[PDB]
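Enquirer: Protein chains in written order, with my numbering: chain A, 1 to 205; chain B, 206 to 287; chain C, 288 to 367; chain D, 368 to 496; chain E, 497 to 653; chain F, 654 to 776.
Even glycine gets a Cβ: it sits at the ideal position worked out from N, Cα and C.
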Amino acid sequence: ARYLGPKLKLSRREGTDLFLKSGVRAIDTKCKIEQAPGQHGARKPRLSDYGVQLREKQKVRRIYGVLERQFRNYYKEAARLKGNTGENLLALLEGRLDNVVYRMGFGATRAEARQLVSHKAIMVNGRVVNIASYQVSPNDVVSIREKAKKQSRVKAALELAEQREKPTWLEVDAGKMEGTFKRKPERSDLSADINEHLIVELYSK
Amino acid sequence: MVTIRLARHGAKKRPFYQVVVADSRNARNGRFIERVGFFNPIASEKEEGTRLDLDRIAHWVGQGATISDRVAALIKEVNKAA
Amino acid sequence: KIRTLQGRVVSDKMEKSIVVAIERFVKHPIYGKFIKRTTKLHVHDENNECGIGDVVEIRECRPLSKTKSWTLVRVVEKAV
Amino acid sequence: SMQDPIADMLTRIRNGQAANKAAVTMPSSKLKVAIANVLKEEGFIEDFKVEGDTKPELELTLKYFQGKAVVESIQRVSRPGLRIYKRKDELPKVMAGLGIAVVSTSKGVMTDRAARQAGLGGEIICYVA
Amino acid sequence: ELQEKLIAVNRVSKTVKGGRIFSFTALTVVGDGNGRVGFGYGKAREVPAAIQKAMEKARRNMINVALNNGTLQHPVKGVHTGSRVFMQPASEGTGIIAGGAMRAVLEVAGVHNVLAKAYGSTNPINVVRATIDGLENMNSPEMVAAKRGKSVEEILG
Amino acid sequence: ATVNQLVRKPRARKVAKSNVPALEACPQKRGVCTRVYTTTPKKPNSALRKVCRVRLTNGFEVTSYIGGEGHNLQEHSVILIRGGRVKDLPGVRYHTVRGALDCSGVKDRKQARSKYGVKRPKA
RNA sequence: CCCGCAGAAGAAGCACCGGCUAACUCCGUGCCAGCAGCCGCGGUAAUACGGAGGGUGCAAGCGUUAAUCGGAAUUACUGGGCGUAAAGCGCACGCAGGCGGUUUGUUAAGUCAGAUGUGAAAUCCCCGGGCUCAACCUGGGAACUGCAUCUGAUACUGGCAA
RNA sequence: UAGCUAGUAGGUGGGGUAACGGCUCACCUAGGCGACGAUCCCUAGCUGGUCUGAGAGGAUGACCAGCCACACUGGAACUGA
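1. Using a Cβ-Cβ cutoff of 7 Å, what residues of the stretch 431-449 of chain D are near chain E? List them in chain order.
2. What's the call for residue 605 of chain E, buried or exposed, on a 16-neighbour Cβ count within 10 Å?
3. With 16 as the cutoff for other CB atoms within 10 Å, does residue 600 of chain E come out buried or exposed?
4. Between the alpha carbons of residue 177 of chain A and residue 216 of chain B, how many angstroms are there, rounded?
5. Could you work out which residues of chain D lie near residue 321 of chain C, taking near to mean beta carbons separated by less than 7 Å?
6. Straight-line CA distance for residue 620 of chain E to residue 138 of chain A?
7. Might you give, ordered along the chain, the residues of its own chain that have their beta carbon closer than 6 Å to the beta carbon of residue 571 of chain E, omitting 5 neighbours on each side?
8. What are the complete alpha helix (DSSP H) segments, minimum 4 residues, inside the stretch 83-171 of chain A?
9. Beta-carbon within less than 7 Å of residue 647 of chain E's beta-carbon, same chain only, minus the 5 sequence neighbours each way: which residues are those?
10. When the cut-off is 9 Å and only beta carbons count, does residue 676 of chain F lie next to chain C?
11. What residue range is occupied by the uninterrupted beta strand (DSSP E) comprising residue 558 of chain E?
12. Anyone know if the C-beta pair for residue 130 of chain A and residue 117 of chain A falls short of 9 Å?
13. Could you tell me which of E:633, E:627, E:560 and E:545 sits nearest to residue 531 of chain E, measuring between CA atoms?
14. So which residues on chain E does residue 501 of chain D lean against when the C-beta distance must stay under 8 Å?
15. Would the stretch 487-496 of chain D count as touching the stretch 431-444 of chain D if we require 3 or more Cβ pairs under 8 Å?
16. At the level of alpha carbons, what is the spacing between residue 625 of chain E and residue 539 of chain E?
17. Assuming residue 20 of chain A contacts residue 109 of chain A (C-beta within less than 8 Å), just tell me the rounded distance between them.
18. With a cut-off of 8 Å, do at least 3 Cβ pairs link the stretch 335-345 of chain C to the stretch 296-307 of chain C?
19. Is the separation between the beta-carbon of residue 344 of chain C and that of residue 325 of chain C shorter than 9 Å?
20. Going by the beta-carbon positions, is the gap between residue 614 of chain E and residue 580 of chain E smaller than 9 Å?
21. Express the C-alpha separation of residue 107 of chain A and residue 163 of chain A in angstroms, rounding to a whole number.
22. Looking at the unbroken alpha helix (DSSP H) that takes in residue 418 of chain D, where does it start and where does it end?
23. Would you say the stretch 206-213 of chain B touches the stretch 248-259 of chain B, given that touching needs at least three Cβ pairs under 8 Å?
24. From the DSSP output, read off the bridge partner residues of residue 509 of chain E.
25. With distances taken Cα to Cα, identify the nearest neighbour of residue 185 of chain A among A:170, A:128 and A:159.
26. Please confirm whether residue 370 of chain D and residue 438 of chain D have their CB atoms less than 9 Å apart.
27. Is residue 646 of chain E close to chain D, meaning its C-beta is less than 9 Å from at least one C-beta of that chain?
28. For residue 569 of chain E, which residues in the same chain have their Cβ closer than 8 Å to its Cβ, ignoring the five residues on either side in sequence?
29. On a CA-only basis, which of D:434, D:433, D:476 and D:423 is nearest residue 403 of chain D? Give me that one, please.
30. If we cut at 9 Å on Cβ distances, does residue 475 of chain D have a partner in chain E?
31. Tell me whether the beta-carbon of residue 347 of chain C lies closer than 9 Å to the beta-carbon of residue 290 of chain C.
32. Please name the residues in the stretch 543-576 of chain E whose beta-carbon is closer than 8 Å to at least one beta-carbon of chain D, in chain order.
33. What residues from the stretch 63-96 of chain A come within 7 Å of chain E, judged by C-beta to C-beta, listed N to C?
34. In chain order, what residues of the same chain lie with their CB nearer than 7 Å to the CB of residue 174 of chain A, ignoring the 5 residues before and after it?
35. Between residue 190 of chain A and chain E, is there a C-beta pair that is closer than 9 Å?
36. Could you work out which residues of chain A lie near residue 590 of chain E, taking near to mean beta carbons separated by less than 9 Å?
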C-alpha cells in the first residue's frame, strides 16, 4: 500500500525535487537528476499529451505518497464539492494528517511523518490517531504524545524545518511541540508550479 | 393488531432503532405505517438520539394501538425528563 | 360536481346500452407530439334513449355486467 | 400550401437579412404584429408599419449594424407539426441570454425574460439570436 | 509571447514516372494566450522545413476572438468540411475537455475552461478550421449591445 | 425522420449477436477433446497451428486453440475452453485455458506466466 | 478499546514495454517455433516471437474471459440522412390519419400559474452528526420529472357561432 | 400471426356470493372485440430501484423493501375472522 522503493529514482523520472528524501544534503549532490533512470535515460523522449497528463498526475501522487484508488476517490470528492475542482483536489491532499505533520515540522519527510502517525505518536484534538489519511479540520490542534515527544528525530526535524519556509495556513508552537491548522490553503499558498488542470483533464477522460 | 414497536437497523454490533407503528403480524423491518421516531442505545456521550413525537403516539394509541415494552419505557423516560 | 367524461357514441345496437369512444389528447413521452388516443367504453343506457351520432356526458358507477360500469347522466348536443 | 405563416415571416426576415434587403413586406396577422412588436422592443428590426385595411400588409425595416446583419440566427421552435410548451422553469436562456425566445404566454406575446420575471410560461414561438 | 503547438505531421506522396515522391505536411497553431489564434499548414520534402513553413504561415494569419476571464461567452457550433464541432463555455475549473486538435487550438487560444465535442469527421485540419470558425463566430455582450442599440445591463436583465 | 413516421413505427435497435455462441453467456466452459490436430492459417501467416476439436457439456462441438509452445493434450482429455477469436484460423473462435482440468502449463516460461498457468519458479 | 514486552524483526506480487498506449536494449531462433484487441510481426542484425537486463502501470492484488452501457451523432426525441456514397414508390387519384389563410365573440379541452391530496421506507443529492479516518450507520431537507381535484388566466392550439 | 368470439355481447327473472357482476341457469335480442394490432406464437415474476450516460435514453431487476404466484405433479373442498 506504500511505494517503499528507491525514492531518488522517483525524483529522477519526474525531473523535479519532490522533497521525498530530505533537505540536509542537496538532491543534485546525491546525484543524477535531469536524467531518467534508464540505461536509456541519456535519451529523453518526445512524451505525448497523454504522457504529459500522466506525468503530472504521477508527480502529484509521488509528492504526497497517495496510491491511485485513494487518489481517484479524492478526485470524486473534489469534483462533487463546489468550487474549483483542482483547487479542492489540492486542498483535500493538504488536509491529510501526515502532510500536516510534515509541514508543521515534525518528521523530516512525508514518509517519516507517515511512520510517525502510524506508530501512534500524534494526537489531534486530544485523541491519538493511527490513520495517515485523516482529514485535519480547520481549528484542529496537532500535537504529539508524552512518550514520543522525547524523540530525537523530531528534534532534527524541528531544526531542518526551521530552515524550511514555515507555511502560513498552519501555526507551529515548536516549544510545546504543538500546532494548529488555522485555515484552508488556497492555490497561491501552495507550491505555485504544479498543473492541477492537467490532472482534472486526465480523469475527465 | 396495530402496535408501536422498534425496527432494528444499523450496522453489525452497532444497532439503531426506528420506533415505528405497524400491523403486528408484519415482519420486524417489513411493512409499516409511519415511523414516530428513533432510538440509539449506544449513541455517544454528548449525543442525544432518542426522539419521539408524542402527537402521533397519542393519536395512534387513541386509535387503539399497543405500545411495546421498549417503546413504553422510552415514552416514560422522555415524558418524565420533560 | 361529479366526475364526468364527455364522449361521442359509436354504436347503439344491443339493448339498453351504448358503446362510447372518449378521445384524450395525450402527449407522446418519447417524441413529444400531442397525439389523439381513443377509449371505447360500454355505457349503461337506462331508458334506451340516445342514438348513434351524439355526444353524451357519462359517469361511472357500480359494475353492471362483464363490461358496462359507466352510466349516462345526460346527452349534451344530441345529433341526427 | 402555407400551413405555417409565422415561419413564412421568419423566412422572409432571414432571407432579407441574407440578401441585404432594406425592407420586407408580407401579409399581416395580429400574431405577426405581436412578434414584430417584441422584435422591435429588443432591437432586431428597426420598425414596422401595418398598411392595409381589408388585405392588410405588414412592412418591416431591417436593421444593419455596419458589417453584418443584426439578426444572425432565427429559428421557428414550435411548429405546427410539433407544438412545444415549456413551463416557467423550463424557459430557455437563448445564446447565454444574449438572444431572446419569443414566448406566447397567457398575458400575450413577450420574451423569455419577461415571462420568467412575470412567473408564467407557455408556447415558445421562435428563438432569435 | 506567441506560444506554438504542432498538431499533426502527415506524409503524403505524389507519383511520377520514376516512383513515389514523399513529402511531409505539418499543421500548427500559434497564439498569444489572450484571444488571438492562428493556424498554419506547411508542406515540404523533409519535416522541420515543413514545421518552419507552418509556423511562419500561422504567425501571419492570426485572428483575434473575444473570450471571458478564461471562458467562452455562449455555446457555439463551428462547422467545416466534415467537421461539426460543438463547444459550450464552461464552469470555472475543469480544464479543457476536448479531443486532440481542438484541444491544442483552445489551449493556444487562451481558453482555459471549455466543454467541447467533435461530430462528423475528426480529421485534424478540418476540425481546426471548424474550431476557429466557431471561435470567430462568437460575439461579446458589448458587441451585441452595439448591435441591438442598447446598454448591456438591459440585455443581461 | 418525420415525427409522425416515428410515432407509427419507432426507431429499431439492430440486434447484438455474439462471437462466442457456444459459451452460452458463461466465462469458460468445460469440454472433452474429440480430436487433436493441426491446420494451416490464412495465406500470409504460414505456420502449423495447434487446434483441437471439443465437445462441450451443453452439446456444442467447436474447435478451440491450444496456445503456447508445446502441450500434452490427447484423445478424450477434459479441457476448459475460454473464448477469444483466433484471427488467422477460420472457424476457430475459442482458446483453451492453460492451467485447466487436464491442460498443463507451457514449458520453461517466465514472462506472462499467469496467461499460461505456469507456477512461480522459486530459486 | 487501553497498557507492557521483544526485536527490522513475521509480511510484494501481477500485467505490460511496434502504433493506438505510459514504458527499451542485448541474446536465442529463422514465415519455424510462436504472438495477436485491431493494424499486423517472424524469410539471418525481430523495439511485435522466447529468455535476460532495464523501465512502465496498478498493488494485497494483478491479468484474461463472459456480460451491460458508453464512446457510437452507428436507429439521431435532444441528435443523422436520401443527384452520384446505402436510400424518392414508375406515375397518379383518394378513404382513414397528420397539418390548417384571416377577423370577432364565446367555451376553456390542450397550455400556464397557484393550492390541496398523493408519489411507502430505504437508495441517489445537499447541510450535519457517530464509528480513531474511510467504507458503513444516521438526523433534517431537497427530490421523486407523475396522477387526480380545486381556483384562476386566456395569448397560442382545438371546439361552437358568424 | 388478420380475423377472433355462442356464456360469446347485452336484457328479464330465478339461484349463488361477505359484496356488484354471465358468477351460474331458463328465456329474449344478435351482438362484442380488432389495423390506437384483436387472436395466435415466442420470451418473461412486477415495482421502488441498480449499472451506464452530460442529459435524453439504454441495459437490468442479485442484495434490501412492497405486491403477486407457487409449495413432488394434477384436482377438490373442509375448518376458520
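Expert: For this structure:
1. 432 and 437
2. buried
3. buried
4. Between the alpha carbons of residue 177 of chain A and residue 216 of chain B lies a distance of about 39 Å.
5. 450
6. 49 Å
7. 584
8. 85-94, 97-104, 110-118, 146-149 and 152-162
9. 641
10. no
11. Counting along the chain, residue 558 of chain E sits inside the beta strand (DSSP E) bounded by residues 558-560.
12. yes
13. E:560
14. Summary: the structure shown does not reach residue 501 of chain D, with chain D confined to residues 368 through 496, and so no result is reported for it.
15. yes
16. When rounded, the separation of the alpha-carbon atoms in residue 625 of chain E and residue 539 of chain E is 17 Å.
17. 6 Å
18. yes
19. Cβ distance not < 9 Å, so residue 344 of chain C and residue 325 of chain C don't count as in contact.
20. yes
21. So the alpha carbons of these two residues sit roughly 14 Å apart.
22. Run containing residue 418 of chain D: none; DSSP gives neither H nor E here.
23. no
24. E:518
25. A:170
26. no
27. yes
28. 562, 563, 585, 634, 635, 636 and 637
29. Selected option, being the one with the closest Cα: D:476.
30. no
31. yes
32. 569, 570 and 571
33. 84, 85 and 86
34. 105 and 158
35. At a cut-off of 9 Å between C-beta atoms, residue 190 of chain A does not count as an interface residue with respect to chain E.
36. Neighbours of residue 590 of chain E on chain A, chain order: 79, 84, 85, 86, 197, 200, 201 and 204.
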